[PDB]
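Heads up, the thing below is written out as structure tokens.
Values below: all heavy atoms of this structure, side chains included; hydrogens, waters and symmetry mates excluded. For the single chain, residues carry numbers from 1 onward in sequence order.
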Amino acid sequence: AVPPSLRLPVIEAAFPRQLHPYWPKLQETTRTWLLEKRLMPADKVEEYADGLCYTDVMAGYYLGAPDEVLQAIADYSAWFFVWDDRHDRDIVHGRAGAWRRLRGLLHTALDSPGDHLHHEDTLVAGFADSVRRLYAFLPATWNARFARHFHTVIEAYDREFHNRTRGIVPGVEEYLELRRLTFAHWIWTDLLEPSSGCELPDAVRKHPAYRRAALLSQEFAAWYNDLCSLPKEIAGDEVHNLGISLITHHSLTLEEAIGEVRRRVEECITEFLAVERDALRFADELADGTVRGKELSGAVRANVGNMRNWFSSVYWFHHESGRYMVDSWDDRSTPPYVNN
Ligand SMILES: CC[N+](CC)(CC)Cc1ccccc1
Ligand SMILES: [Mg+2]
Ligand SMILES: [Mg+2]
Ligand SMILES: [Mg+2]
């Protein structure tokens with residue numbers, strides 16, 4: 001039963017969940033990967049890994065992905081969560097030096113992952129492994145796009161570092177711009193393409209219907225995370241959250257902020273439903289009877305289909321994952337799955 005302040009009837013009724021058939025194998029392989037890359041201690045992997053549902057949320061997103069593609073995505077995604085934890089700890093413990101070096105190392109590894117497969121920082125080595133594997137599915141032009149997008153993500157994380165250190169809470173739209181980078185909107189959008197086995201030409205993926213559908217899918221995911229992770233983040237002195245920016249700069253109460261974030265989230269759904277029709281019509285138009293046309297049509301259709309899947313997967317993930325179960329922690333400021 002989903003808490004009323006987090007419940008979205010439209011999602012529950014109109015966005016039925018899907019699960020990739022590779023998930024059972026996925027859950028086990030990523031867990032083993034986390035262990036062997038030493039991204040989490042053995043006892044914490046044993047106790048928390050499965051309950052974090054990191055593989056689950058991705059397996060409910062990129063439907064149709066080749067098992068190998070989904071595996072790389074899941075490993076990368078699990079790494080991403082751990083990176084978020086490391087980022088959080090560096091801020092809390094004021095490790096500005098350690099963060100700056102990690103920041104620089106990630107930028108470097110992003111462009112040449114093979115060179116960093118066995119770096120002394122296991123977080124860097126774990127990153128390099130997943131990225132190298134992600135770079136082996138599509139042409140280098142896609143790899144370059146992934147890199148360009150993630151370079152931006154890293155810098156957004158750096159801005160978060162300075163914000164929390166200086167105690168600055170970003171403005172609403174200042175946050176809204178930043179959130180598209182810290183949530184890595186365009187990374188997940190990029191990853192739709194190897195999942196459907198086709199790098200989309202710019203003319204296709206920059207089609208206004210495709211762009212808008214892709215954007216709304218991510219805005220929902222990011223803002224719903226804000227809604228659900230708000231108590232966790234308030235307790236952990238995190239300042240990056242749409243609700244927090246509303247409390248700080250719009251004089252809204254916690255109750256008012258939650259309500260406003262809900263409405264913005266709900267509006268994302270109905271805006272998506274409208275543009276989804278245009279995006280799917282675009283997919284039909286691509287099928288002009290040619291082999292290339294059918295390929296592009298099928299890829300767009302699958303991608304838009306997964307844009308929709310993101311809604312339900314992210315929705316249920318926040319209610320199933322132990323990551324946000326702050327009420328069950330002895331110390332609300334310090335999640336038990338994080339290395340403190
Ligand atoms: C750290 C949060 N995360 C995980 C990869 C990176 C920005 C986004 C996310 C949050 C919740 C569900 C899915 C993805
Ligand atoms: Mg974060
Ligand atoms: Mg976080
Ligand atoms: Mg959050």
Minimum heavy-atom separation for [X] and [Y], please, with both atom names.
X      : Y      : value
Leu242 : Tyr175 : N-CE2, 3.3 Å
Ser312 : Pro16  : OG-O, 4.1 Å
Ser195 : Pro66  : O-CD, 3.5 Å
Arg38  : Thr122 : O-OG1, 3.2 Å
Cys198 : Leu138 : N-CD2, 4.2 Å
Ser5   : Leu227 : O-CD2, 3.8 Å

For the pair [X] and [Y], find out whether any cationic side-chain nitrogen is under 4.0 Å from an anionic carboxylate oxygen.
X      : Y      : result
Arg133 : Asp129 : yes
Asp121 : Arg86  : yes
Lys294 : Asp288 : no
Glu238 : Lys232 : no
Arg145 : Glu193 : yes
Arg31  : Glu28  : no
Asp237 : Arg164 : no
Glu285 : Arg281 : yes
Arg159 : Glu155 : no
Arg17  : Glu320 : yes
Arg179 : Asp226 : yes

Determine whether [X] and [Y] fall in the same hydrophobic cluster, where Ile, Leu, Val, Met, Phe, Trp and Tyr are linked whenever their side-chain heavy atoms lie under 4.5 Å apart.
X      : Y      : result
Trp142 : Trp186 : no
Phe146 : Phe183 : yes
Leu254 : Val265 : yes
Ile91  : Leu106 : yes
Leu70  : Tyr135 : yes

Counting C-beta onward and ignoring hydrogens, is there a side-chain heavy-atom pair between [X] and [Y] closer than 4.5 Å?
X      : Y      : answer
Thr182 : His240 : no
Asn225 : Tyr324 : yes
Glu46  : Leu35  : no
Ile258 : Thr253 : no
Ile11  : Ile269 : yes
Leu123 : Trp83  : yes
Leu6   : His318 : no
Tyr61  : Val314 : no

For [X] and [Y], indicate whether the former's side chain and the latter's backbone hold a donor-acceptor pair under 3.5 Å.
X      : Y      : value
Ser313 : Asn309 : no
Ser245 : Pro170 : yes
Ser217 : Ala213 : no
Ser251 : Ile247 : no
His250 : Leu252 : no
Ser297 : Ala283 : yes
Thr270 : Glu267 : yes
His20  : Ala65  : yes
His207 : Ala203 : no
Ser321 : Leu52  : yes

* To do: List the steps, then state whether side chain to side chain contact (heavy atoms under 4.5 Å, CB included) holds for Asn306 with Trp310.
  => CA-CA 6 Å; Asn306 289 339; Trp310 202 209; over 6 Å; no
* **Verdict with supporting geometry, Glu295 and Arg292, salt bridge (charged side-chain N to carboxylate O under 4.0 Å, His left out)** => CA-CA 5 Å; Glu295 183 192 22; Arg292 174 63 167 174; 3.0 Å; yes
* Asked: Distance under 6.0 Å and angle within 45° of the ring axis: does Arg323 meet both against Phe81?
  -> no
* Of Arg264, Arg180, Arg212, which is the lone residue that meets salt bridge (charged side-chain N to carboxylate O under 4.0 Å, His left out) with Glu219? ->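 By the salt bridge (charged side-chain N to carboxylate O under 4.0 Å, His left out) criterion, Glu219 pairs with just one of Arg264, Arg180, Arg212: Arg180.
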Enclosure of [X] [atom1] (heavy-atom neighbours >12, cutoff 6.0 Å):
X      : atom1 : value
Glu256 : CD    : yes
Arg148 : CZ    : yes
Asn339 : CG    : no

* Asked: Going by distance alone, is a donor N or O of one side chain under 3.5 Å from an acceptor N or O of the other, for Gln71 and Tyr22?
  ->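 Their side chains do contain a donor-acceptor pair, which is all the 3.5 Å distance test asks for.
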* Asked: Looking only at side chains, do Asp111 and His107 share a donor and an acceptor under 3.5 Å apart?
  -> no
* To do: Mind running side chain to side chain contact (heavy atoms under 4.5 Å, CB included) on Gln27 and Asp50 for me, showing each step along the way?
  => CA-CA 7 Å; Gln27 187 193 42; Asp50 286 13; 3.7 Å; yes
* **ring-ring contact (aromatic ring centres under 6.0 Å, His included) partner of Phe150, chosen from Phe127, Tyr157, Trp188** =>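 One option only clears the test, and that one is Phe127.
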* Could you go through the side chain to side chain contact (heavy atoms under 4.5 Å, CB included) check for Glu276 and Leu273 one step at a time? => CA-CA 5 Å; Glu276 183 185 23; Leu273 290 172; 4.0 Å; yes
* Structure fact -> Between the CD1 atom in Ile234 and the CG atom in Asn241, the distance rounded to the nearest 0.5 Å is 7.0 Å
* Specify whether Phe220 and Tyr224 have parallel, tilted or perpendicular ring planes, treating 30° as the upper limit for parallel and 60° as the lower limit for perpendicular. =>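 Answer is parallel, since the angle falls under 30°.
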* To do: Report the relative orientation of the aromatic rings in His319 and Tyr315; use parallel for angles under 30°, tilted for 30 to 60°, perpendicular for over 60°.
  =>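 Correct class here is perpendicular.
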* Verify side-chain hydrogen bond (donor to acceptor under 3.5 Å, both in side chains) between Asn303 and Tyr210, making sure each step is shown before the conclusion. => CA-CA 9 Å; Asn303 294 4; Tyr210 191 94; 3.0 Å; yes
* Determine, step by step, whether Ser130 and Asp75 satisfy the side-chain hydrogen bond (donor to acceptor under 3.5 Å, both in side chains) criterion, reporting the C-alpha distance in whole Å, the side-chain angles of both residues, the deciding distance to 0.1 Å, and the verdict. => CA-CA 6 Å; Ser130 63; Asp75 297 344; over 6 Å; no
